[PDB]
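Here's the letter readout for the chains.
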Amino acid sequence: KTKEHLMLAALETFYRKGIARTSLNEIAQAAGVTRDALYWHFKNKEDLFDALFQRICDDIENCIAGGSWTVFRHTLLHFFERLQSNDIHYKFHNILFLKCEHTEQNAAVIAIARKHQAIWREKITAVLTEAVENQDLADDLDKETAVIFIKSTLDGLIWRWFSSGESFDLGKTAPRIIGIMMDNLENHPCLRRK
Amino acid sequence: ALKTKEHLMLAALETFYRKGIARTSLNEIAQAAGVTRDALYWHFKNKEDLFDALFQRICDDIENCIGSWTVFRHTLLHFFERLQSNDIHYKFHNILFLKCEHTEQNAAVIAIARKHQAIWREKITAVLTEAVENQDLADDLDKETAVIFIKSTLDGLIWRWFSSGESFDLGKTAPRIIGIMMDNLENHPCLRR
């Protein structure tokens, strides 16, 4: 896993300079290896970022591994918890929201982040579908809008926290926001596929 | 005078949109404006000045579009409507959320964005203040958490819309995100003290 030393060098350089302004060179340097050594494991700055994204998901699943709806709750609380206690999770999301501009110069990286978004949307859809089946959520729940509503809510909190310089207690705020979101998903008529 | 400042301002908005704020240079803006470096400097010394003025143009449009709780609802609906129909608003917020990295190289511009967040917090705290007094909201209301709630809700919808490459119908989506948000403010227990 000389890959991890490399992934961390990138994660560390992305955090400091932002993705667009970091080159494989500096990443190789920061990692103390050669360009060819790096290239052998990662052919791009985009693959490194891709690897980080994947590492982040792996962690989330390894942790998730009564009622799937109730476990979704903990998974969400557990996410904001480590978003603040885990360094790799803190830096990665900070980079994603605050240091990854949507310029043509970054299109490749943005395409990568785009497939991962798709991955989470699919995963949220599965949670919703299962919650319905187990009757934790109403049968006429508008799943399409629910997913958008869920991502919107969580992304909003993350953006708000990082963008304000962490000017508010995430440990106390997230639970509240999560409880309101899940209550809305269970009871609010606006989220019904009426 | 005001028309020339407006030409330079929109020229900056255009190049910020095209390649982000960090990469945009005063020369590039000047070239895009067709003016000279000195002429641009005459109205705006730096990028943070163009950006700050861009912020004001936006804050002026929301305000010069004017129960306090009902107006507030209308202000939010209007806001998302023009994020779709108004070119200045579409790009400014797109730049704010997707092309304004928080690096040491943009510290000055972020500083500006931060003073504007502070006022928005202010505007909203006052809206919440009349609401409780006019009984549109409970005395029980946790104003501090409420403001964060309001900002994170709106910011998520915006980021979500821009990030997804506008993959969903903002006109259909925003009225409901706002509707749910307002119901929460009024009735949810987790927003109380």
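Basis of the calculations
- Residues numbered from 1 in each chain as written, not as in the entry; some residues may be left out.
- Chains lettered and ligands numbered in written order.
- Heavy atoms only, no water.
- Residues with missing side-chain atoms left out of burial classes, pairs and counts.
- Core = buried A, V, L, I, M, F, W, Y, C linked by side-chain atoms within 4.5 Å.
- Buried < 20%, exposed > 50% of the residue type's maximum accessible area, 1.4 Å probe, protein only.
- Helix = DSSP H or I, 4+ residues; strand = E, 2+ residues; numbered from the N terminus.
- Contact = heavy atoms within 4.5 Å.
- UniProt positions renumbered as here; feature names shortened; annotations may be inferred.
- Salt bridge = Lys/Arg side-chain N within 4 Å of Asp/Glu carboxyl O.
- Expected span 1.5 Å × (residues − 1).

Listed as the method for this PDB entry is X-ray crystallography; the listed resolution is 2.4000 Å.

Going by the PDB entry, chain B carries the name MtrR and comes from Neisseria gonorrhoeae. What the PDB record gives as the title of this entry is "Structural basis for multidrug recognition and antimicrobial resistance by MTRR, an efflux pump regulator from Neisseria Gonorrhoeae".

Chain A has the name MtrR in the PDB entry, where Neisseria gonorrhoeae is given as its organism.

A.B. asks: Before we move on, could you go through the nonpolar core and cite the residues and values that matter?
C.D. replies: The nonpolar side chains of a soluble globular protein tend to be buried, and buried together. Of all hydrophobic cores here, the largest spans 131 residues; its most connected members are A:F49, A:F80, B:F51, B:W69, B:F80, B:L128 and B:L185. No other element matches helix α8 (residues 143-163) of chain B, which puts 11 residues into this core. Among residues more than four places away in sequence, those in contact with B:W69 are B:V127, B:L128, B:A131, B:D136, B:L137, B:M182, B:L185 and B:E186.

A.B. asks: How would you explain the side chain of B:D155 if you had to name every residue and give the values?
C.D. replies: Mapped onto the elements of the fold, B:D155 is located in helix α8. You can call B:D155 buried: its relative accessible area is 11%. Apart from residues lying up to four places away in sequence, B:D155 is in contact with A:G156, A:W159, A:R160 and B:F97.

A.B. asks: Lay out the UniProt feature "DNA-binding region" (unreviewed entry) in chain A with the relevant residues and their values.
C.D. replies: The UniProt record marks residues 23-42 of chain A with the feature "DNA-binding region" (unreviewed entry), using the residue numbering of this structure. Along residues 23-42 of chain A the backbone is 75% helical and 0% strand, and the end-to-end C-alpha distance reaches 13 Å.

A.B. asks: Please set out the side chain of A:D155 residue by residue, giving values where relevant.
C.D. replies: Inspection of the secondary structure assignment puts A:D155 in helix α8 (residues 143-163). Classification of A:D155 as buried rests on a relative accessible area of 13%. In this structure A:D155 touches A:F97, B:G156, B:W159 and B:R160, once residues within four positions along its chain are discounted.

A.B. asks: Give me the pattern of salt bridges: which residues, what numbers.
C.D. replies: Applying the stated criterion across every chain, the model contains 18 salt bridges over all chains. Residue A:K123 pairs with A:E61 through a salt bridge whose shortest N-O separation is 2.5 Å. Judged by relative accessible area, which is 35%, A:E61 ranks as partly exposed. Close ionic contact of B:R176 with A:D142 constitutes a salt bridge, the shortest N to O distance being 3.6 Å. Taken together, the residues span two chains, with B:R176 in helix α9 (residues 170-187) and A:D142 in the loop between α7 (107-133) and α8.

A.B. asks: Report on α7(A), specifying residues and quantitative values.
C.D. replies: Taking 1.5 Å of rise per residue, the 27 residues of α7(A) would be expected to cover 39 Å, and the 39 Å separating its terminal C-alpha atoms lies within 8% of that figure. In this fold, the buried residues of α7(A) make contact with α4 (45-64), α5 (68-85), α6 (87-98) and α8 of chain A.

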